[PDB]
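Notes follow the structure.
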Amino acid sequence: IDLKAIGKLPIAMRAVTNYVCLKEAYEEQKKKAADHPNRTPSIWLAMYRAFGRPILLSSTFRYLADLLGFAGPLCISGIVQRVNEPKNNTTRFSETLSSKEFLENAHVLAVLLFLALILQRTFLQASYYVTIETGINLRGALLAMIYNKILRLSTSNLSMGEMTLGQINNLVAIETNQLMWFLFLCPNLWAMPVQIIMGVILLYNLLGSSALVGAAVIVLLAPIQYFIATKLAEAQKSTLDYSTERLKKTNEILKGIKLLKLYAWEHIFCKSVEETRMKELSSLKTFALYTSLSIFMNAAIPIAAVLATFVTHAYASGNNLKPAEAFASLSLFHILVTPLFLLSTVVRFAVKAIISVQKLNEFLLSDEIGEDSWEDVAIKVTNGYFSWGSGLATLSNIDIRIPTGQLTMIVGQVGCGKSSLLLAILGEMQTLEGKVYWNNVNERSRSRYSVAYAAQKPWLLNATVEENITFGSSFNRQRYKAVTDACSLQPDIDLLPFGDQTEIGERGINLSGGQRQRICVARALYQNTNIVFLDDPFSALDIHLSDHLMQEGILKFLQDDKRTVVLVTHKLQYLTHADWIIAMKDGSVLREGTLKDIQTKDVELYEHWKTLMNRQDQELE
Amino acid sequence: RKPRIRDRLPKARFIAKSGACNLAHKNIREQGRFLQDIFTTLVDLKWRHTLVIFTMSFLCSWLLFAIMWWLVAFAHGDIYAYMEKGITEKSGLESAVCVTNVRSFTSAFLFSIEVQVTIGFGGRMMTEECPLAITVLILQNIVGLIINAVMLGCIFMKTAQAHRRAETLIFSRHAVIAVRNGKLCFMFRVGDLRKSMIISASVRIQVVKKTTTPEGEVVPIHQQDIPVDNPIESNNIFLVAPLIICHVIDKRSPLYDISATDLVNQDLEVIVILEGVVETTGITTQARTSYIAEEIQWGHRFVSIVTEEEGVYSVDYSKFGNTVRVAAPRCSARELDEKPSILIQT
Amino acid sequence: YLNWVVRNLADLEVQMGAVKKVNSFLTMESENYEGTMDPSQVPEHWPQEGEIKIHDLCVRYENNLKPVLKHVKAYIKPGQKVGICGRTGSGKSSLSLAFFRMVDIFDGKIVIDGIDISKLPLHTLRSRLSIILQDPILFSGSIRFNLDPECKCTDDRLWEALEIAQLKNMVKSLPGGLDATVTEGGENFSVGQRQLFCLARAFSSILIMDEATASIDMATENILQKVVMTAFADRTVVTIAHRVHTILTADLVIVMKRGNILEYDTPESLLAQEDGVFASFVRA
Ligand SMILES: Nc1ncnc2c1ncn2[C@@H]1O[C@H](COP(=O)(O)OP(=O)(O)OP(=O)(O)O)[C@@H](O)[C@H]1O
Ligand SMILES: Nc1ncnc2c1ncn2[C@@H]1O[C@H](COP(=O)(O)OP(=O)(O)OP(=O)(O)O)[C@@H](O)[C@H]1O
Ligand SMILES: [K+]
């Protein structure tokens, strides 16, 4: 496995082509899109002109290759008919006139056949080699586009949360592969009649009058394969679903290895599974039938068919079967039969490509556009909505303003809004409606470009947190290395799996929800220019007697540094310095004062909350 | 080791375990490939190719000068004089057939063979008329002797280089580090397969590492030697049975810093280059091996490979790299060296 | 046809190489079951209040099946239901020694089980066992098809699941029904009891324990009450546990030796005066 071959060619071809070619396609298609959505708006029109791969550049070669190949057998016949001639009858001494003398000689024809054969093979191979070199580029483009269109627009998902991995299941490797295959296979559909159509005409031109019958059967033989394909596919799909059931059942069975290893259900656990196999086996038999039949259809109809022509040879009433009359007919029959399988495959490939383009169109027209519209304080905005997704209302007296380095936490889970507010404070949620008025400068992404965060679900990002420590870290980075050596190894000293601390994360198979939240908080720790943003994780990550240890690591991290640390937590176990809080109930920031000033207003919920008894844990239980 | 999986290219391997110098030179002043170079490639061919070039050269020379002779026996009006079948050969005597009884290119070719390889069948001799033929005969013999000599030299030199078969010097695929005689020791095993001895043997162990300097310079691939720890400070070694060539390190050598955890991330690489002249051939040979950080199975100790048979010692070669993991202190490279208050940090 | 020939040769090579990946595990069997034990009654009785003594310096096993490579004297209490001290150093070895076999571990003369132990029919003897997984998750059905042996047990509705109270929530007053389980869940949809009703499964009389790792302490105490209800049916059991939440009210205990029980001593202060529960006293 040499990587030397790769060189720098991909950058010049695939990296450059994918990004640049579709830029033109987007420019043209969008430019047309402005006129009207009745006819103009579409997706696949741009690619032909924008990529501009000369398919024709090959298509021309493809047509040429088909013509040369179909010509070949007539040259084979030519030599054969003139097997015997003395040809000294006129005592010819005439220099062979180019118009006639050259075509006839037996010797020439053989060399011509060799040249034509080599040329045809070479031209064909080269044309679709270039075509493949273009297909690969198209695939790289399609992938580049799926990521470019998945990154900068679809950040906030509210309905796509029903099936978002369907796209990454189909458009990952079922769509791009389909388009690459369809582009690489178009020339067969494009120039098969130019050869076939030639055969009947050629056969009619030279075989005699039975040629029409002679090729009649194969034109219907091919639809036999086109018909067997669909039934075989249906059987295969049913078999696959049954196989999925078998695999799931087998997974459950092996998932109980210690239970079934010796207990009274040791061999019992496979019982239905065996029938399952047998059940699935039955479907396989059905599928096998069509496949075998299809081969027979592809292995007999030609032979059968050619016999028919010689039967229709008795409809010619000529002198006899001139061996220079039927050998070329058999050659044409054995050459014509090739592109038919390609045509039958293209028949299904077109449907696959159409389905793929429809799925892509649905994705790029399903909230993929419009979900991301186009001490360093930013917020003076009256607009009310601080609601999730494309949700309805809940907008009253909205405004917010917070001097950073303040632990403002809207402690409340009922009518919570903790995720909508946490995402919308940095603007990433569709709550920026109204007027956005900020300072004149950060010292237009809502004057919050210096962000850092933690999620409200287990993150588990690429590789692992041990390998997530890639922030310019050969060994130690002063702000987090210390927390890296001693705050990072604090939550779980070591996982059960081997390798301990180093590269611990890379190939780290699993995690605990407590370890997941600890790792998330740790990735919050190893950030630079620490102005951290947290979203109520410590009502579920409530590790008793370890939440203080995590908060003390963050203490030496943020309360022993010059840094802003915030949180919207829902537990009062960590309510130290919990001065600022909200109980909005479907509103923006409207509750802000001193540590005890809220209790000054003597709100009954505040009065019950602000008591000594366990910080009024569970309303002072 | 997925990080190493994606790091398969990032690797400090200056010399491949085979021994070659995995490197890359570029931007050099390649003057060209002068003619004589090709001749050197003629010497260093293999038997199948040498035999092919030999036979092809002889046949090409024969055919070429046969074609020349054919032209010569054409121009002198010789082939026609023979073709006149008024008699068996009516007027073929006086016409001074330039080369006697040369009838057609096949016959001329038989004459070429007969005149180059010194056979000389006599039936077809050069005559006293055509000086051009005599010129071509002189040219034939001169070129024949030069080609004969050159091909003989080629075949001989492929014969006189039959002493060389292959270098066979064997290392322990792995290193070993341990504690011996009270202090930390670095080991390695060296063995030989050839019956013949290796005279004036010597070994050298070097550390290759990227260095830094207080003045500010950095030498990217820095090499520094290390002692080979023999009893009287001498890089000599007798090689009858395989042995263990231990370069124990105190302070001057760069092993003071070594910490057991660091070995995975260690950047130092050990290179071993030993050499000597073979007794029965006269050629100076040199064998080199590389000890990368991934192959240094720390803490082990080597096994014993010498047994008393009936009257003569027996020796194994299967157990070369097999080790018994004798317990040893950890990271004592500085702790034991910079002796603590106990002065026995182990 | 040449392109076909070359490509098909490559395809055949790849296919046979893929097959050889599992043809090495085609028919290998490495745990035989050929027993010549004579017929035994094998009822569900308690023989003599369960005297368990089979190990005196439990020796090094063989065949690389997690052997214990030291010596651990074993001597437990006869009608003992609670656990006895087993230190982490040998705790895993003891845990494997509760019911799992080995090669040369604890083999020898024993006064236990009233029947031959290692030579019993290995196809059926194993049905008489009982164990519990460390963190019990049984992905199987075990409810809809809980009666894989032919029983009309007639107590999975409300009778002994509620009496076991482990499945009372899921059985007596639940609409799941006699035919509904949890897909790969011992805690997915049935979180009230990852371990089913023991009496219902017997509706034997020997319990084997596991370490409280993922079960809430209150629920564990309720399970302990259920363990007492079952102890009315056993009054002799083997248990393995290291924490006080499981080793609080232990009825019969022992004074151990370096990793295995050395002598029988139920109370706790006597073990405290000696080296009995000194390691256990580390928390109280
Ligand atoms: N992913 C989502 N799907 C549906 N509704 C959502 C989602 N995120 C937020 N909402 C709506 O936003 C409002 C505010 O939600 P809130 O932030 O209180 O949830 P939460 O308290 O984070 O949830 P949890 O209590 O599990 O942590 C809720 O009424 C909810 O209906
Ligand atoms: N009897 C022997 N014959 C040939 N080569 C040997 C022999 N003993 C050792 N070697 C060589 O020594 C090198 C390292 O041997 P090592 O001490 O690792 O034993 P090993 O683990 O059996 O080696 P390997 O894994 O290469 O078989 C190998 O490259 C091997 O070629
Ligand atoms: K010589």
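Shown for chain A, in order and in Swiss-Prot numbering: 243-616, 664-732, 741-918.
The backbone N, Cα and C atoms fix where each Cβ goes, and this holds for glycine too.
If you look up Swiss-Prot, you'll see A:297-594 marked as domain 'ABC transmembrane type-1 1'.
According to Swiss-Prot, the feature transmembrane segment maps to A:302-322 (among others).
Summarising the annotation, Swiss-Prot assigns topological domain 'Extracellular' to A:323-347 (among others).
In the three-state DSSP scheme, A:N330 (N-linked glycosylation site) is classed as coil. Feature annotation from Swiss-Prot assigns N-linked glycosylation site to A:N330 (among others).
Residues annotated as N-linked glycosylation site in Swiss-Prot: A:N331 (among others).
What Swiss-Prot records for A:348-368 (among others) is transmembrane segment, and it gives sequence analysis as the kind of evidence.
As annotated by Swiss-Prot, topological domain 'Cytoplasmic' applies to A:369-420 (among others), with the evidence given as sequence analysis. Residue counts of the topological domain 'Cytoplasmic' (A:369-420) by helix, strand and coil are 32 helix, 0 strand, 20 coil (DSSP-based).
Per Swiss-Prot, transmembrane segment is recorded for A:421-441 (among others), and the stated evidence type is sequence analysis.
Within its own chain, the topological domain 'Extracellular' (A:442-452) is flanked in space by residues 312, 316, 319, 551, 554-555, 557-558, 560, 567-568, 570-571, 574, which lie at least six positions past its ends and keep a Cβ under 8 Å from the stretch. Per Swiss-Prot, the feature topological domain 'Extracellular' maps to A:442-452 (among others); the stated evidence is sequence analysis.
Summarising the annotation, Swiss-Prot assigns transmembrane segment to A:453-473 (among others).
The topological domain 'Cytoplasmic' annotation in Swiss-Prot covers A:474-528 (among others) and is backed by sequence analysis.
Here Swiss-Prot flags A:529-549 (among others) as transmembrane segment, drawing on sequence analysis. Through the fold, the transmembrane segment (A:529-549) approaches residues 456-460, 463, 466-467, 470-471, 473-474, 477-478, 481, 571-572, 575-576, 579, 583 of its own chain, all at least 6 residues removed from its boundaries and within a Cβ separation under 8 Å.
The topological domain 'Extracellular' annotation in Swiss-Prot covers A:550-568 (among others) and rests on sequence analysis.
According to Swiss-Prot, the transmembrane segment annotation covers A:569-589 (among others), on the basis of sequence analysis. Away from its own ends, the transmembrane segment (A:569-589) comes close to residues 311-312, 314-316, 318-319, 322, 427-428, 430-431, 434, 437-438, 441, 444-445, 448-449, 453, 456-457, 460, 463-464, 467-468, 471, 540, 544, 547-548, 551 of its chain (Cβ-Cβ under 8 Å, at least six residues beyond either end).
The feature ATP 1 binding site is assigned by Swiss-Prot to A:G701, A:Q702, A:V703, A:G704, A:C705, A:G706, A:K707, A:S708, with sequence analysis given as support. Within its own chain, A:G706 (ATP 1 binding site) has A:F675, A:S676, A:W677, A:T683, A:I699, A:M881, A:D883 as residues 6 or more apart in sequence whose C-beta sits under 8 angstroms from its own.
Annotated pair A:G701 (ATP 1 binding site) and A:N330 (N-linked glycosylation site), C-alpha to C-alpha distance, rounded: 113 Å.
The secondary structure of A:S708 (ATP 1 binding site), as reduced to three states from DSSP, is helical. Sequence-distant contacts of the topological domain 'Extracellular' (A:323-347), counting only residues of its own chain at least 6 positions beyond either end whose CB sits under 8 Å from a CB of the stretch, comprise 564, 566.
Remote same-chain partners of the transmembrane segment (A:302-322), defined as residues 6 or more beyond its termini with a Cβ less than 8 Å from a stretch Cβ, comprise 345, 348, 351-352, 354-355, 358-359, 361-362, 365-366, 368-370, 429, 432-434, 436-437, 440-441, 444, 448, 565-566, 569-570, 573-574, 577.
Scoring each of the recorded positions (A:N330, A:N331, A:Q702, A:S708) by how many neighbouring Cβ atoms lie within 10 Å, the top position goes to A:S708.
Counting same-chain residues at least six beyond the ends of the transmembrane segment (A:421-441), those with a Cβ under 8 angstroms from any Cβ of the stretch are 297, 300-301, 304-305, 308-309, 311-312, 369-370, 373-374, 376-378, 380-381, 384, 457, 574, 577-578, 581, 584-585, 587-588, 591-592, 594-595, 598. Proximity to ligand 2 (Cβ under 6 Å from any of its atoms) holds for none of the binding-site residues A:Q702, A:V703, A:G706, A:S708. Counting only the Cα atoms, the space from A:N330 (N-linked glycosylation site) to A:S708 (ATP 1 binding site) is about 102 angstrom. The Cβ of A:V703 has fewer other Cβ atoms within 10 Å than any other of the binding-site residues A:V703, A:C705. Apart from A:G701, A:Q702, A:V703, A:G704, A:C705, A:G706, A:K707, A:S708, the ATP 1 site neighbourhood in this chain, defined by C-beta within 8 angstroms of the site C-beta centre, holds A:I699. Using CA atoms as reference points, the binding-site residues A:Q702, A:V703, A:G704, A:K707 were checked against A:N331 (N-linked glycosylation site), and the closest is A:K707.
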